[PDB]
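Structure record follows, encoded as structure tokens.
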Amino acid sequence: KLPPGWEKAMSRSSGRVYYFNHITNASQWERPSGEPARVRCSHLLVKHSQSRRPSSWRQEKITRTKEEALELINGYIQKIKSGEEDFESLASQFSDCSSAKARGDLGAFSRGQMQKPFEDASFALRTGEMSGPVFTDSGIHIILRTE
Ligand SMILES: NC(=O)Cc1ccc(O)cc1
């Protein structure tokens with residue numbers, strides 16, 4: 001059927017079928033197209049008060065709730081998908097990760113190096129594909145697989 005990780009779903013608001021990936025939290029209308037030793041990804045991290053280190057270059061003390069963090073993530077995803085903003089621009093401006101200064105680029109990595117939900121989403125993404133909200137102990141990620 002579908003490249004594993006993917007399931008069919010029904011829009012509650014339109015009744016149209018769409019596809020959801022439970023590893024990447026990506027969702028799309030089209031039927032999904034369908035592993036390498038390494039992948040390259042960028043990300044945009046929004047931390048919250050329960051993050052492993054509730055601090056970043058943007059904010060000495062990160063006080064926002066997980067819910068508020070997810071709302072910010074959802075808004076970034078919306079602007080990226082509409083083309084109002086580029087992933088790289090939002091990462092540089094708003095990612096709570098030091099990789100903001102590199103447009104969110106983390107370089108290439110193997111399995112075993114990253115936090116598990118991040119790794120699984122990264123490796124389940126296709127080249128050029130973007131995740132939905134991915135939750136780790138650092139916060140909530142938008143992940144872009146670049147290679
Ligand atoms: N550690 C991971 O698995 C992803 C990650 C989380 C926070 C960062 O500041 C950079 C990378």
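Position 1 is the first residue of the sequence, and the numbers go up from there. Just follow the structure's listing: the first ligand is 1, and inside any ligand the first atom is 1.
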> Which distance, rounded to the nearest 0.5 Å, do you find between the OG of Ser138 and the CD of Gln115?
Replying inline: 3.5 Å
>> List the residues meeting side chain to side chain contact (heavy atoms under 4.5 Å, CB included) with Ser92, not counting sequence neighbours, and say none if there are none.
In response: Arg103
>> Distance under 4.0 Å, heavy atoms only, partner ligand 1: which residues pass?
In response: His43, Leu45, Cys97, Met114, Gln115, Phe118, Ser138, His141
>> Can you pull out every ring pair (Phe, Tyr, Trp, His ring centres under 6.0 Å) where at least one residue sits in residues 47-74? Sequence neighbours excluded, please.
In response: none
> Are side-chain N/O atoms of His141 and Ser131 paired as donor and acceptor at under 3.5 Å?
Replying inline: no
>> Counting only heavy atoms not in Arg53 (residues, nucleotides, ligands), do more than 12 fall under 6.0 Å from its CZ?
In response: no
Pairs of donor and acceptor atoms involving the side chains of residues 72-80, under 3.5 Å and at least two apart or interchain, shall be tabulated with distances.
from: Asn74; atom 1: ND2; to: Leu70; atom 2: O; distance (Å): 3.4

